[PDB]
file coords_35.txt (compact mmCIF, C-alpha atoms)
# COMPACT_ATOMS: atom_id res chain seq x y z
CA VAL A 1226 -65.74 -53.93 131.38
CA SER A 1227 -67.54 -50.70 130.39
CA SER A 1228 -64.89 -48.61 128.53
CA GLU A 1229 -61.90 -50.20 130.32
CA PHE A 1230 -59.91 -53.37 129.60
CA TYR A 1231 -59.26 -55.62 132.60
CA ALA A 1232 -57.25 -58.73 133.44
CA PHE A 1233 -57.27 -61.39 136.14
CA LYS A 1234 -54.15 -63.14 137.43
CA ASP A 1235 -53.09 -64.75 140.72
CA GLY A 1236 -56.54 -64.18 142.25
CA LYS A 1237 -56.65 -60.41 141.68
CA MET A 1238 -58.06 -58.08 139.03
CA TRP A 1239 -55.49 -55.88 137.26
CA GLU A 1240 -56.68 -52.84 135.34
CA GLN A 1241 -54.48 -52.54 132.25
CA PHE A 1242 -53.12 -49.41 130.58
CA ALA A 1243 -53.51 -47.39 133.80
CA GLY A 1244 -50.30 -47.87 135.84
CA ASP A 1245 -46.67 -47.05 135.14
CA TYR A 1246 -44.99 -48.23 131.96
CA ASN A 1247 -43.39 -51.69 131.64
CA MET A 1248 -44.78 -52.90 135.01
CA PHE A 1249 -46.90 -56.03 134.48
CA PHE A 1250 -48.61 -57.42 137.60
CA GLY A 1251 -46.11 -55.59 139.80
CA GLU A 1252 -43.09 -57.05 137.96
CA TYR A 1253 -40.85 -55.20 135.51
CA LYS A 1254 -40.63 -56.87 132.09
CA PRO A 1255 -38.28 -55.57 129.37
CA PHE A 1256 -39.15 -54.43 125.87
CA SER A 1257 -37.11 -55.11 122.75
CA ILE A 1258 -37.25 -54.83 118.97
CA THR A 1259 -35.38 -57.03 116.48
CA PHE A 1260 -35.16 -56.08 112.80
CA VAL A 1261 -33.05 -57.70 110.09
CA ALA A 1262 -30.50 -55.42 108.38
CA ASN A 1263 -30.28 -56.78 104.81
CA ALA A 1264 -29.59 -54.05 102.25
CA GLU A 1265 -27.57 -55.02 99.17
CA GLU A 1266 -27.52 -58.56 100.52
CA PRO A 1267 -25.34 -59.98 97.67
CA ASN A 1268 -22.53 -57.76 98.99
CA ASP A 1269 -20.54 -58.40 102.17
CA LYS A 1270 -21.04 -55.46 104.55
CA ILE A 1271 -19.36 -54.29 107.74
CA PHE A 1272 -22.02 -52.86 110.07
CA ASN A 1273 -20.41 -49.73 111.52
CA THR A 1274 -23.06 -47.62 113.29
CA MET D 1 -0.30 -35.62 126.03
CA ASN D 2 -1.05 -38.72 128.08
CA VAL D 3 -2.17 -41.92 126.38
CA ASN D 4 -5.68 -41.38 127.74
CA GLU D 5 -5.54 -37.87 126.30
CA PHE D 6 -4.30 -39.40 123.04
CA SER D 7 -7.31 -41.74 122.88
CA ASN D 8 -9.86 -39.09 123.84
CA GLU D 9 -8.55 -36.48 121.40
CA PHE D 10 -8.32 -39.22 118.76
CA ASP D 11 -12.02 -39.91 119.31
CA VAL D 12 -12.65 -36.15 119.17
CA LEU D 13 -10.91 -35.87 115.76
CA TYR D 14 -11.82 -39.26 114.33
CA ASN D 15 -15.33 -40.46 115.24
CA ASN D 16 -16.43 -36.96 114.23
CA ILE D 17 -16.53 -34.89 117.43
CA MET D 18 -17.38 -37.90 119.62
CA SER D 19 -20.68 -38.48 117.81
CA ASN D 20 -20.27 -42.26 117.30
CA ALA D 21 -20.94 -41.55 113.60
CA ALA D 22 -17.91 -43.41 112.18
CA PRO D 23 -16.56 -46.99 112.47
CA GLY D 24 -15.90 -47.80 116.11
CA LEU D 25 -12.21 -48.22 116.92
CA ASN D 26 -10.70 -50.39 119.65
CA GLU D 27 -7.83 -49.47 121.97
CA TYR D 28 -5.47 -52.00 120.37
CA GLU D 29 -6.19 -50.58 116.91
CA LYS D 30 -5.69 -47.02 118.18
CA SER D 31 -2.36 -48.03 119.74
CA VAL D 32 -1.26 -49.68 116.48
CA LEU D 33 -2.20 -46.64 114.42
CA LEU D 34 -0.46 -44.25 116.83
CA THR D 35 2.72 -46.34 116.70
CA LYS D 36 2.60 -46.39 112.90
CA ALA D 37 1.99 -42.63 112.96
CA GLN D 38 5.02 -41.89 115.13
CA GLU D 39 7.29 -43.99 112.90
CA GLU D 40 5.86 -42.21 109.84
CA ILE D 41 6.40 -38.74 111.32
CA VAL D 42 9.96 -39.63 112.37
CA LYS D 43 10.85 -40.94 108.91
CA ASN D 44 9.18 -37.98 107.17
CA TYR D 45 10.71 -35.24 109.34
CA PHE D 46 14.21 -36.74 109.19
CA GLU D 47 14.24 -36.91 105.38
CA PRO D 48 13.75 -33.31 104.11
CA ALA D 49 11.96 -34.53 100.96
CA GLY D 50 9.31 -36.42 102.95
CA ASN D 51 7.69 -33.34 104.49
CA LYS D 52 6.14 -30.21 102.97
CA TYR D 53 8.79 -27.73 104.17
CA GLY D 54 11.84 -29.39 102.62
CA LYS D 55 13.69 -29.54 105.95
CA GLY D 56 15.25 -32.55 107.65
CA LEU D 57 16.78 -33.20 111.06
CA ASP D 58 18.81 -30.08 111.93
CA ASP D 59 17.49 -27.59 109.36
CA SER D 60 15.26 -25.66 111.79
CA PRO D 61 14.75 -25.39 115.58
CA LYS D 62 11.41 -27.21 115.39
CA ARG D 63 13.01 -30.37 113.98
CA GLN D 64 15.73 -30.16 116.63
CA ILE D 65 13.18 -30.10 119.45
CA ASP D 66 11.20 -32.83 117.65
CA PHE D 67 14.13 -35.26 117.57
CA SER D 68 15.65 -34.06 120.87
CA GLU D 69 14.21 -36.80 123.09
CA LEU D 70 15.39 -39.57 120.71
CA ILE D 71 19.06 -38.58 120.36
CA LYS D 72 21.18 -41.12 122.25
CA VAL D 73 24.97 -41.38 122.56
CA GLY D 74 26.33 -44.89 123.01
CA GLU D 75 29.55 -46.84 122.63
CA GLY D 76 30.04 -49.67 120.15
CA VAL D 77 31.28 -53.00 121.50
CA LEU D 78 33.97 -55.10 119.83
CA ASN D 79 32.63 -58.21 118.08
CA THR D 80 35.69 -60.34 118.88
CA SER D 81 33.36 -62.93 120.44
CA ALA D 82 32.52 -64.31 116.97
CA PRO D 83 35.53 -65.00 114.69
CA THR D 84 33.60 -63.93 111.59
CA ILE D 85 35.21 -63.04 108.25
CA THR D 86 35.70 -59.41 107.22
CA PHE D 87 35.81 -57.88 103.75
CA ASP D 88 38.83 -55.66 104.49
CA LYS D 89 42.11 -56.75 106.06
CA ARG D 90 42.34 -53.93 108.63
CA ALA D 91 38.67 -53.96 109.72
CA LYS D 92 37.79 -54.28 113.41
CA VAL D 93 34.19 -55.47 113.69
CA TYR D 94 32.03 -53.58 116.20
CA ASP D 95 28.45 -54.22 117.32
CA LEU D 96 26.06 -51.27 117.51
CA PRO D 97 23.34 -50.77 120.14
CA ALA D 98 20.13 -52.75 119.78
CA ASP D 99 17.76 -49.76 120.14
CA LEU D 100 19.16 -48.08 117.02
CA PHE D 101 16.92 -46.26 114.54
CA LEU D 102 19.20 -43.88 112.61
CA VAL D 103 22.88 -42.93 112.84
CA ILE D 104 23.83 -39.25 112.48
CA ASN D 105 27.33 -38.89 113.99
CA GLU D 106 30.03 -41.48 114.66
CA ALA D 107 33.60 -41.05 115.91
CA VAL D 108 36.56 -43.23 116.86
CA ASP D 109 39.31 -42.43 119.38
CA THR D 110 42.65 -43.88 118.26
CA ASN D 111 46.18 -43.59 119.60
CA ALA D 112 46.81 -40.90 116.97
CA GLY D 113 43.67 -39.00 117.97
CA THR D 114 39.94 -38.69 117.47
CA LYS D 115 38.79 -39.20 113.88
CA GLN D 116 35.27 -38.58 112.61
CA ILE D 117 33.84 -41.57 110.77
CA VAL D 118 32.60 -41.25 107.18
CA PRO D 119 29.90 -43.71 105.99
CA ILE D 120 31.37 -44.75 102.64
CA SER D 121 29.22 -46.13 99.84
CA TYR D 122 29.73 -49.45 98.07
CA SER D 123 30.89 -47.51 94.98
CA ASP D 124 33.13 -45.04 96.82
CA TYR D 125 34.88 -48.00 98.45
CA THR D 126 35.74 -49.49 95.05
CA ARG D 127 36.79 -46.06 93.76
CA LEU D 128 39.12 -45.24 96.67
CA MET D 129 40.55 -48.79 96.95
CA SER D 130 41.74 -48.67 93.30
CA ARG D 131 44.38 -46.03 94.16
CA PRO D 132 48.01 -46.15 95.38
CA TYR D 133 47.58 -45.47 99.09
CA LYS D 134 44.16 -47.05 99.82
CA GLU D 135 43.83 -45.36 103.21
CA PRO D 136 41.57 -42.57 104.53
CA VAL D 137 42.63 -38.95 105.03
CA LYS D 138 44.53 -37.99 108.18
CA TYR D 139 41.38 -36.88 110.05
CA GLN D 140 38.70 -39.38 108.99
CA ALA D 141 37.87 -43.08 109.17
CA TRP D 142 35.72 -45.37 107.04
CA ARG D 143 32.82 -47.62 108.02
CA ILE D 144 30.95 -50.30 106.07
CA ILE D 145 28.32 -52.81 107.18
CA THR D 146 29.11 -56.53 107.23
CA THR D 147 27.58 -59.81 108.42
CA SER D 148 25.12 -59.06 111.23
CA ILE D 149 22.94 -61.53 113.14
CA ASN D 150 19.80 -60.01 114.75
CA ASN D 151 21.92 -56.89 115.34
CA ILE D 152 24.03 -54.34 113.45
CA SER D 153 27.75 -55.02 112.97
CA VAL D 154 30.03 -52.43 111.35
CA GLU D 155 33.52 -52.80 109.87
CA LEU D 156 35.72 -49.97 111.18
CA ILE D 157 38.35 -49.44 108.47
CA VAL D 158 40.85 -47.10 110.13
CA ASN D 159 44.29 -46.29 108.74
CA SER D 160 46.92 -48.94 109.38
CA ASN D 161 49.56 -48.65 112.12
CA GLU D 162 46.80 -47.43 114.48
CA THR D 163 44.60 -48.96 117.18
CA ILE D 164 40.98 -48.30 118.13
CA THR D 165 40.28 -47.49 121.80
CA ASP D 166 36.70 -46.19 121.58
CA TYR D 167 33.79 -46.07 119.13
CA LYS D 168 31.07 -43.56 120.06
CA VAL D 169 27.75 -43.42 118.20
CA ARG D 170 25.25 -40.56 118.38
CA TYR D 171 22.09 -42.18 117.02
CA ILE D 172 18.32 -41.75 117.00
CA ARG D 173 16.81 -44.19 119.49
CA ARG D 174 14.00 -46.48 118.38
CA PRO D 175 10.72 -44.89 119.56
CA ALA D 176 8.71 -46.83 122.11
CA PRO D 177 5.12 -47.91 121.36
CA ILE D 178 2.06 -45.83 122.21
CA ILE D 179 -0.37 -48.07 124.12
CA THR D 180 -3.50 -46.72 125.79
CA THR D 181 -4.41 -49.69 128.00
CA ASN D 182 -3.17 -53.06 129.18
CA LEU D 183 -3.83 -55.24 126.14
CA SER D 184 -3.67 -58.46 128.19
CA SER D 185 -6.91 -57.54 129.98
CA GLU D 186 -9.43 -57.82 127.13
CA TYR D 187 -7.28 -59.32 124.35
CA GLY D 188 -5.58 -62.70 124.63
CA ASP D 189 -2.05 -62.06 123.33
CA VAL D 190 -1.47 -58.97 121.17
CA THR D 191 1.57 -56.68 121.14
CA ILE D 192 2.76 -53.59 119.26
CA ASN D 193 6.55 -54.01 119.36
CA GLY D 194 6.76 -56.72 122.01
CA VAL D 195 4.92 -54.63 124.64
CA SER D 196 1.52 -55.41 126.18
CA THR D 197 1.16 -52.77 128.93
CA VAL D 198 0.56 -49.02 128.81
CA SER D 199 3.41 -47.16 127.07
CA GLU D 200 3.61 -43.37 127.17
CA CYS D 201 5.02 -41.63 124.10
CA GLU D 202 8.79 -41.19 124.49
CA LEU D 203 8.84 -38.04 122.35
CA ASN D 204 8.65 -34.30 122.86
CA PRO D 205 5.09 -32.85 123.06
CA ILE D 206 5.80 -30.89 119.85
CA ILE D 207 4.96 -33.76 117.49
CA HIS D 208 2.21 -35.32 119.61
CA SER D 209 -0.53 -33.39 117.79
CA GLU D 210 1.05 -34.33 114.45
CA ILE D 211 1.07 -37.99 115.50
CA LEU D 212 -2.59 -37.72 116.53
CA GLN D 213 -3.58 -36.15 113.21
CA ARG D 214 -1.61 -38.71 111.18
CA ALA D 215 -3.25 -41.53 113.15
CA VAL D 216 -6.66 -39.96 112.46
CA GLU D 217 -5.92 -39.84 108.73
CA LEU D 218 -4.66 -43.44 108.76
CA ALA D 219 -7.83 -44.57 110.56
CA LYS D 220 -10.03 -42.67 108.11
CA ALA D 221 -8.25 -44.16 105.10
CA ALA D 222 -8.31 -47.71 106.47
CA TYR D 223 -11.87 -47.77 107.84
CA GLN D 224 -13.74 -45.33 105.55
CA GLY D 225 -11.64 -45.30 102.35
CA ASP D 226 -11.02 -47.44 99.28
CA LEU D 227 -7.90 -48.86 97.65
CA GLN D 228 -7.07 -45.44 96.20
CA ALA D 229 -7.01 -43.85 99.66
CA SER D 230 -4.70 -46.55 101.03
CA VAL D 231 -2.32 -46.27 98.06
CA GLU D 232 -2.27 -42.47 98.24
CA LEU D 233 -1.67 -42.35 102.00
CA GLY D 234 1.01 -45.05 101.86
CA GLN D 235 3.21 -42.57 99.99
CA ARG D 236 3.79 -40.72 103.28
CA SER D 237 4.82 -43.94 105.05
CA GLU D 238 8.52 -43.45 104.17
call {"tool": "encode", "arguments": {"input": "coords_35.txt", "output": "structure tokens"}}
result
Amino acid sequence: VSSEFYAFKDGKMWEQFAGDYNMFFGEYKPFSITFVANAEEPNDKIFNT
Amino acid sequence: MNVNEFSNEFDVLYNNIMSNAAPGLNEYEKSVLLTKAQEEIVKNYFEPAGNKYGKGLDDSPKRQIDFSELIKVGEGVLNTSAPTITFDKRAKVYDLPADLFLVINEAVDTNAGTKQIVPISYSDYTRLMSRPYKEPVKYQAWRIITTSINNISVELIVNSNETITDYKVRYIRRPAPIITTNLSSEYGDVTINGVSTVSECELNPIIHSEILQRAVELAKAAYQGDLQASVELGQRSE
């Protein structure tokens, strides 16, 4: 709507990208990032740090 | 230093200066490496050729204070319970203490008088038993090791026509393990020398820093080194 992106859930309109971080619809949801660590994959590695 | 101090200073020397930039080490592994380190330092500082100074047990005050808290004086017990067979005819078998690491002075009190014991070699025995008299000198007694079963039994070869009333042994006590935390909490069943709970170092604070540094080097070789590092650092294990 205009220059702002809006949402609608549970009977209410939620303006996005305007509140505090990681709070979706009043509830805290986590964030995570998974990335494979495969360098020199023919060799058996011990992941140390 | 306390065992907690041992662990924290170990993580300040190894693990860089507590940067978490080297292989993470557990408390059991740290306890194992500290125990190995204290045995290595004991064996290296007793033998003069194992260290860099060329000095052994009582060659300088520092070594004396190092080994002070391990010197123990105990009496040997007659092994008449087991009718075992001796190698010499006049040998009274005696059992040594269980917590024995290294013997440095032994004496026997006979009816004639106290006589310092001489640890005779397998070759010196054959050399001195090929002579007319085949007995020690007036003021000494011989000792050789014989059949032992999960203990140490010693054959006291004293001159004939005499009786043994006491056998004192001034020996280096076996060091106790260095454990930083109760291993039964996180780990199922793991021990260092038959111990699972916290064990403070039973040594003088002189060699505590040396033990810490040797443990750091052992950890670095094992967890960041190759075969060459292990082989090179195993030289100082004796």
call {"tool": "atom_distance", "arguments": {"input": "coords_35.txt", "atom1": "CA of residue 186 in chain D", "atom2": "CA of residue 99 in chain D"}}
result
29.2 Å
call {"tool": "residues_around", "arguments": {"input": "coords_35.txt", "residues": "residue 1230 in chain A", "least_positions_apart": "2", "cutoff": "12 Å", "atoms": "all atoms listed in the file", "output": "JSON, numbers by chain"}}
result
{"A": [1226, 1227, 1228, 1232, 1233, 1238, 1239, 1240, 1241, 1242, 1243]}
call {"tool": "write_last_selection", "arguments": {"input": "coords_35.txt", "atoms": "C-alpha atoms", "output": "PDB file, keeping the file's coordinate frame"}}
result
ATOM      1  CA  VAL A1226     -65.740 -53.930 131.380  1.00  0.00           C
ATOM      2  CA  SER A1227     -67.540 -50.700 130.390  1.00  0.00           C
ATOM      3  CA  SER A1228     -64.890 -48.610 128.530  1.00  0.00           C
ATOM      4  CA  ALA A1232     -57.250 -58.730 133.440  1.00  0.00           C
ATOM      5  CA  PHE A1233     -57.270 -61.390 136.140  1.00  0.00           C
ATOM      6  CA  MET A1238     -58.060 -58.080 139.030  1.00  0.00           C
ATOM      7  CA  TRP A1239     -55.490 -55.880 137.260  1.00  0.00           C
ATOM      8  CA  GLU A1240     -56.680 -52.840 135.340  1.00  0.00           C
ATOM      9  CA  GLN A1241     -54.480 -52.540 132.250  1.00  0.00           C
ATOM     10  CA  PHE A1242     -53.120 -49.410 130.580  1.00  0.00           C
ATOM     11  CA  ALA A1243     -53.510 -47.390 133.800  1.00  0.00           C
TER      12      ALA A1243
END
call {"tool": "atom_distance", "arguments": {"input": "coords_35.txt", "atom1": "CA of residue 183 in chain D", "atom2": "CA of residue 31 in chain D"}}
result
9.8 Å
call {"tool": "interface_residues", "arguments": {"input": "coords_35.txt", "of": "chain D", "to": "chain A", "cutoff": "9 Å", "atoms": "only C-alpha atoms", "output": "JSON, numbers by chain"}}
result
{"D": [20, 21, 22, 23, 24]}
call {"tool": "atom_distance", "arguments": {"input": "coords_35.txt", "atom1": "CA of residue 123 in chain D", "atom2": "CA of residue 149 in chain D"}}
result
24.3 Å
call {"tool": "closest_residue", "arguments": {"input": "coords_35.txt", "among": "D:203, D:158, D:212, D:13", "to": "residue 67 in chain D", "atoms": "all atoms listed in the file"}}
result
D:203
call {"tool": "residues_around", "arguments": {"input": "coords_35.txt", "residues": "residue 106 in chain D", "least_positions_apart": "5", "cutoff": "6 Å", "atoms": "all atoms listed in the file", "output": "list in words"}}
result
residues 117, 168 and 169 of chain D
call {"tool": "build_atoms", "arguments": {"input": "coords_35.txt", "residues": "range 1232-1250 of chain A", "atoms": "N, CA, C and O atoms", "output": "short mmCIF file (atom, residue, chain, number, x, y, z; two decimals), keeping the file's coordinate frame"}}
result
data_model
loop_
_atom_site.label_atom_id
_atom_site.label_comp_id
_atom_site.auth_asym_id
_atom_site.auth_seq_id
_atom_site.Cartn_x
_atom_site.Cartn_y
_atom_site.Cartn_z
N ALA A 1232 -57.88 -57.42 133.41
CA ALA A 1232 -57.25 -58.73 133.44
C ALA A 1232 -57.43 -59.34 134.82
O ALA A 1232 -57.80 -58.67 135.78
N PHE A 1233 -57.16 -60.65 134.89
CA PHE A 1233 -57.27 -61.39 136.14
C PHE A 1233 -56.12 -62.38 136.21
O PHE A 1233 -56.00 -63.25 135.35
N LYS A 1234 -55.27 -62.23 137.23
CA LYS A 1234 -54.15 -63.14 137.43
C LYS A 1234 -53.85 -63.26 138.92
O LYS A 1234 -53.94 -62.27 139.66
N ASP A 1235 -53.50 -64.47 139.34
CA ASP A 1235 -53.09 -64.75 140.72
C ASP A 1235 -54.17 -64.41 141.74
O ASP A 1235 -53.86 -64.11 142.89
N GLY A 1236 -55.44 -64.44 141.34
CA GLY A 1236 -56.54 -64.18 142.25
C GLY A 1236 -56.91 -62.73 142.42
O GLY A 1236 -57.69 -62.41 143.32
N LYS A 1237 -56.38 -61.83 141.58
CA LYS A 1237 -56.65 -60.41 141.68
C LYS A 1237 -56.94 -59.85 140.30
O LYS A 1237 -56.50 -60.40 139.28
N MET A 1238 -57.68 -58.75 140.27
CA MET A 1238 -58.06 -58.08 139.03
C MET A 1238 -57.12 -56.91 138.80
O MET A 1238 -57.00 -56.02 139.65
N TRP A 1239 -56.45 -56.91 137.64
CA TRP A 1239 -55.49 -55.88 137.26
C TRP A 1239 -56.07 -55.05 136.13
O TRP A 1239 -56.30 -55.56 135.03
N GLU A 1240 -56.31 -53.76 136.40
CA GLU A 1240 -56.68 -52.84 135.34
C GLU A 1240 -55.46 -52.55 134.48
O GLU A 1240 -54.41 -52.16 134.99
N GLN A 1241 -55.60 -52.73 133.17
CA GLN A 1241 -54.48 -52.54 132.25
C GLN A 1241 -54.47 -51.12 131.70
O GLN A 1241 -55.49 -50.43 131.68
N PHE A 1242 -53.29 -50.70 131.24
CA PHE A 1242 -53.12 -49.41 130.58
C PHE A 1242 -53.51 -48.26 131.51
O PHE A 1242 -54.07 -47.25 131.08
N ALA A 1243 -53.23 -48.42 132.81
CA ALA A 1243 -53.51 -47.39 133.80
C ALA A 1243 -52.36 -47.12 134.76
O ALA A 1243 -52.32 -46.03 135.34
N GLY A 1244 -51.43 -48.05 134.94
CA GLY A 1244 -50.30 -47.87 135.84
C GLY A 1244 -49.10 -47.26 135.15
O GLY A 1244 -49.22 -46.55 134.15
N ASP A 1245 -47.92 -47.55 135.70
CA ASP A 1245 -46.67 -47.05 135.14
C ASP A 1245 -46.15 -48.02 134.08
O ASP A 1245 -46.43 -49.22 134.12
N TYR A 1246 -45.38 -47.48 133.14
CA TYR A 1246 -44.99 -48.23 131.96
C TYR A 1246 -44.08 -49.40 132.33
O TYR A 1246 -43.27 -49.32 133.25
N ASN A 1247 -44.24 -50.50 131.59
CA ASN A 1247 -43.39 -51.69 131.64
C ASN A 1247 -43.53 -52.48 132.93
O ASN A 1247 -42.72 -53.38 133.19
N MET A 1248 -44.53 -52.17 133.77
CA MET A 1248 -44.78 -52.90 135.01
C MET A 1248 -46.02 -53.76 134.82
O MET A 1248 -47.14 -53.24 134.80
N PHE A 1249 -45.82 -55.07 134.70
CA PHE A 1249 -46.90 -56.03 134.48
C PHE A 1249 -47.10 -56.83 135.76
O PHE A 1249 -46.21 -57.59 136.16
N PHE A 1250 -48.26 -56.67 136.39
CA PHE A 1250 -48.61 -57.42 137.60
C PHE A 1250 -47.59 -57.18 138.72
O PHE A 1250 -47.28 -58.08 139.50
#
